[PDB]
Amino acid sequence: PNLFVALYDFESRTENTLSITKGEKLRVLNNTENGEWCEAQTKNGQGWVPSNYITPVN
């Protein structure tokens, strides 16, 4: 399973981060080795987001 929902708005100016909105659904493609960042996919594209900004959806 890899479906999540955003807990908060997140946006960074750094390249390769994805902007997400609270309540938006997303899928996680990859995980960093310390579990702190997730590579997310939404209708707005692909990019990294903090893992503590998302939570699973069954």
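In the PDB header, X-ray crystallography is given as the technique by which the entry was determined, and 1.5500 Å as its resolution.

Peer 1: Please clarify how the nonpolar core should be interpreted in this entry.
Peer 2: A general trend in soluble globular proteins is that nonpolar side chains are found buried together. Membership of the largest hydrophobic core is limited to 11 residues, which are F4, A6, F10, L18, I20, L26, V28, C38, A40, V49 and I54. Mapped by element, the contributors of at least two residues to this core are strand 1 (3-6), strand 2 (25-31) and strand 3 (37-42). Sequence-distant contacts of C38, defined by excluding residues within four places in its chain, comprise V28, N30, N31, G47, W48, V49, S51 and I54.

Peer 1: Honestly, the pairing of strand 4 (residues 45-50) in this entry has me stumped. Any pointers?
Peer 2: Taken residue by residue, a regular strand's side chains alternate between the two faces of the sheet. In the sheet, strand 3 pairs with strand 4 via 6 bridges, with the strands oriented antiparallel. Bridging across to strand 4, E39 finds its partner in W48. Linking strand 3 to strand 4, which pair antiparallel, is a turn of 2 residues.

Basis of the calculations
- Residues numbered from 1 in each chain as written, not as in the entry; some residues may be left out.
- Heavy atoms only, no water.
- Residues with missing side-chain atoms left out of burial classes, pairs and counts.
- Core = buried A, V, L, I, M, F, W, Y, C linked by side-chain atoms within 4.5 Å.
- Buried < 20%, exposed > 50% of the residue type's maximum accessible area, 1.4 Å probe, protein only.
- Helix = DSSP H or I, 4+ residues; strand = E, 2+ residues; numbered from the N terminus.
- Contact = heavy atoms within 4.5 Å.
- Pairing = 2+ DSSP bridges.

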